[PDB]
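Residue numbers (the entry's author numbering), protein chains in the order written: chain B, 1 to 141; chain A, 1 to 141. Heads up, the beta-carbon is just placed ideally off N, CA and C, and yes, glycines get one too.
Structure below.
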């Protein structure tokens, strides 16, 4: 199995985000999201699956942060500017069907950042980026 | 908008279930799961969508509990005996594609129960069963 432990850092008091959805894709015997010590922990049955956290702020901003393992290496991606019909489960499945999302997954990124239309930055960085016990920060700007 | 507030009752010390996935279907402008006072609260943009909670016990048992609104009336359904590739996001989408699941949604039930293969009962009962502020108990046997 693979585990990814996520710590969320909110750095900007002009908004407050909280998780509103946590999904697990069906490959590699699936997996589970849990919480330990305020950390989001994704356990997966093997390489080749992922899980998505969707976050929402009361000002309307939202994004997905997806974490997984592709070909035995971690990957991540962030999607911002979500439409109301782009729920977390929609986004999570797209990584295994929609070519641009497949390509983002297959890049096996251990670090990625992107801005939304309002100019807020979002970053995922794996601080332990090797092996089966992976650790990442999700940093909201 | 519609809100469904879920209280989980565990009655049998031979197992301990905990939530491992929470999904929101894409219709009706989607929605959000949050937690308040240990209750799982699903807010939806309108009638016509739903969300799924998946629970797992360390003895291997697992199930989904899905809650939604169909033509302004609440509905619910439970699926047990989950295979590893039947994650919550898989099950949630089936209510809009797979005949037996669609029919369960269309029943617009205020209460539903089913047993798994090991004989454990699972029940949903809406204790506030009309209008836009809905409340349900999920009772695990």
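Assign residue i to one of three DSSP states: helix, strand, or coil.
i                      : result
residue 1 of chain B   : coil
residue 136 of chain A : strand
residue 115 of chain A : strand
residue 122 of chain A : strand
residue 127 of chain A : strand
Whole angstroms is fine: what's the gap from residue i's alpha carbon to residue j's?
i                      : j                      : result
residue 47 of chain A  : residue 102 of chain B : 32 Å
residue 174 of chain B : residue 140 of chain B : With chain B represented from 1 up to 141, any question about residue 174 of chain B goes unanswered, as that position is not in the structure.
residue 29 of chain A  : residue 129 of chain A : 22 Å
residue 127 of chain B : residue 8 of chain A   : 36 Å
residue 35 of chain B  : residue 81 of chain B  : 26 Å
residue 66 of chain A  : residue 74 of chain A  : 11 Å
residue 62 of chain A  : residue 15 of chain A  : 11 Å
residue 83 of chain A  : residue 45 of chain B  : 12 Å
residue 104 of chain B : residue 76 of chain B  : 8 Å
residue 131 of chain A : residue 39 of chain A  : 19 Å
residue 134 of chain B : residue 109 of chain A : 42 Å
residue 121 of chain A : residue 58 of chain A  : 17 Å
residue 43 of chain B  : residue 37 of chain B  : 16 Å
residue 100 of chain B : residue 78 of chain B  : 13 Å
residue 113 of chain A : residue 117 of chain B : 46 Å
residue 2 of chain B   : residue 32 of chain B  : 11 Å
residue 17 of chain B  : residue 115 of chain B : 15 Å
residue 71 of chain A  : residue 95 of chain A  : 14 Å
residue 136 of chain A : residue 41 of chain A  : 10 Å
residue 123 of chain A : residue 85 of chain B  : 30 Å
### Task
Determine, using beta-carbon pairs with one atom in the segment 16-29 of chain B and one in the segment 18-26 of chain A, whether at least three such pairs fall under 8 Å.
Short answer: they touch.
### Query
Can you list the beta strand (DSSP E) stretches of 3 or more residues lying completely in the segment 18-51 of chain B, in chain order?
Segments of the beta strand (DSSP E) lying fully in the segment 18-51 of chain B: 31-36, 39-44.
### Message
Just to confirm the assignment: which complete beta strand (DSSP E) runs, minimum length 3, are found wholly within the segment 51-112 of chain A?
### Response
The beta strand (DSSP E) runs of length 3 or more contained entirely in the segment 51-112 of chain A are, from start to end of the chain, 62-70, 73-80.
### Task
Decide if the segment 85-94 of chain B is in contact with the segment 50-69 of chain B; the criterion is three or more beta carbon pairs, one per stretch, under 8 Å apart.
Yes, the segment 85-94 of chain B is in contact with the segment 50-69 of chain B.
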